[PDB]
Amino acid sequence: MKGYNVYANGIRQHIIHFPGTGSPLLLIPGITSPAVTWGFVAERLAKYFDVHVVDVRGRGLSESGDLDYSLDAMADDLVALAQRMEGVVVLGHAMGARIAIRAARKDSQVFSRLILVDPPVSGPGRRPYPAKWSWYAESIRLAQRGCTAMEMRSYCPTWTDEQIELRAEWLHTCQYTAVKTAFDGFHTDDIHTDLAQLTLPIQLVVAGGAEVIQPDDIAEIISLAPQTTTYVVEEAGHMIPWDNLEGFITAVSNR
């Protein structure tokens, strides 16, 4: 693993490289997931791709402070990174999938294809994202104070010891205002009007055991982007590689 910073879209973007010999892949994590927290997955994916895991603005070591934390700005960040790479695959998880959708709408030419992992399908006039805001708010403030793995375990009781320790260590780097903005974005941004404009290859990877994406939501996505292929990791929760690591890796390799 080797971390590095780039100056792109007018901000410092921190990226962790997990070297591989395959196609380059930019991994865009979810709302409270600094790049380092995807390390256990990225090292597995690096057997197949050359993996670059992004700290989204307001998370980890990337630029923070009084920034635009909208989906538009995060999408611009991703376009700026991808401009520097040739034929990059984007794998986005959750918020990161919404970022991938909007970025590809802005500039499809810089991406080879998208892997969209359990994006919220919320938006104006749509079913709200099925998560409690308080879970993020309370755990972030706890982490900001300084807390142990055992204290963090109450929020992620099904995770491994190492995963919980890492979250206790890094969650505070997810700026509160950035996380609040993203959660509101799940409700205020329309990613469906973006999907309707996408013509590049798309794999949709669904957490079968979660309620984030229901079957009629898959049907809507297909209607909007008929090229989309769907892989359902059956019985897996929203944080797919935390619930079923092997299941997740199977979903994004040999496809």
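The first residue of the shown sequence is 1; numbering continues from there.
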- [ ] Can you let me know which of the two, 228-236 or 14-22, has the higher average C-alpha B-factor in the entry?
- [x] 14-22
- [ ] Identify the stretch, either 133-141 or 78-86, whose C-alpha atoms have the larger mean B-factor according to the entry.
- [x] 78-86
TODO: Report the option among 56, 210, 205, 53 whose CA atom has the maximum B-factor in the deposited record.
DONE: 210
Task: Top Cα B factor in the deposited entry, candidates 61, 200, 27, 196 - done: 196
Task: residue 108 by Cα B-factor - lowest, middle or highest third of the modelled chain - done: highest
Task: residue 169, C-alpha B-factor rank within chain (lowest, middle or highest third) - done: lowest
Open item on the list: Can you tell me whether residue 158 has a C-alpha B-factor in the lowest, middle or highest third compared with the other modelled residues of the same chain?
Closed with: highest
TODO: Within this chain's modelled residues, let me know which third the CA B factor of residue 123 belongs to: lowest, middle or highest.
DONE: middle
Open item on the list: Lowest, middle or highest third: which one holds residue 65 when the chain's residues are ordered by CA B-factor from the entry?
Closed with: middle
